[PDB]
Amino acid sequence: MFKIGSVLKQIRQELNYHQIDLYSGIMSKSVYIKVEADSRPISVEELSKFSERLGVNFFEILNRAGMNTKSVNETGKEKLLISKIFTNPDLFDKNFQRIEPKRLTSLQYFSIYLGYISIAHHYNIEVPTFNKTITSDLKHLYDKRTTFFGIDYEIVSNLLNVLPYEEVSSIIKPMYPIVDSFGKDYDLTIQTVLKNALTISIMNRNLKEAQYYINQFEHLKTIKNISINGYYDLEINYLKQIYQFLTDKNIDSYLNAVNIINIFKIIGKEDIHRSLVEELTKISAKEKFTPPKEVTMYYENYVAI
């Protein structure tokens, strides 16, 4: 697979450590040369130990080795491709026909599938198969689920953008509250579901649902290790402020919402700011949620298209 070995040698030399400093107490100098030469598979238990010898982060070592996924992996490339087609809709047809049939092969592929549906909806491209499959697809995927993983929250997050809330609603509830963190990418997706839900809720004026989500996000702040997304904290708080405004009816709440939206512009987040403004406009006019013209996404950052 990836050359975890070359990386190990790289780090060891850079830090001026001798081979005897790593394998001493872990393995024979003979086999170690094989691991480092990338001719012998290395076990997680071993890499972990070398990681402590070197003093360099374990996950960083994996990243340096190529775990810098999202591209090195089959499904990873498909996800980055989604961003491409969003800018070149002419590439939909061919690619969709490829993904669509393998949408239930894995939770990863399903999320990719939902990403395409969003492109089709945004470019008014026809996708008859969708409306005639989702319900069954969802049934098939979650009917007998117990515990949920990051990819699940990702799926539900992207599902909220292509399916009426009333339908996704029941799939969300079982996934919360959250009790523990399982990586930053996991913390990212679980926060996205709440952010997207809270938006649709406040938009359609479902103030009871909105409160639920505002509380779920607040709950995450009590779970040390979750690591909250700064940008989301700002966006979610602005929705929290609009929520209050719609209830306790105090111009202050509204002004705060505007102030928050403005800060996005002051810090260079032009694209996300423009989208936010477009959103405040619709809420002020009591418009229900409808896929906008501004499509926001989140890979390694909060961006627009």
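Start at 1 with the first residue shown and count on from there.
- Averaged over CA atoms, B-factors in the entry run higher in 68-76 than in the other of 68-76 and 97-105.
- A summary of the deposited B-factors shows that, of 136-144 and 213-221, the stretch with the larger mean C-alpha value is 136-144.
- Looking at 91, 178, 171, 119, the one whose CA carries the top B-factor in the deposited record is 91.
- Looking only at 238, 264, 32, 58, the residue with the top Cα B factor in the deposited structure is 32.
- The PDB entry assigns residue 295 a C-alpha temperature factor belonging to the highest third of its chain's modelled residues.
- In the PDB entry, a CA B factor belonging to the lowest third of its chain's modelled residues is recorded for residue 230.
- When the modelled residues of the chain are ordered by C-alpha B-factor, residue 183 sits in the middle third.
- For residue 154, the recorded CA B-factor ranks within the lowest third of the chain. Only modelled residues enter the ranking.
- Residue 275 sits in the lowest third of its chain by CA B factor, as recorded in the PDB entry.
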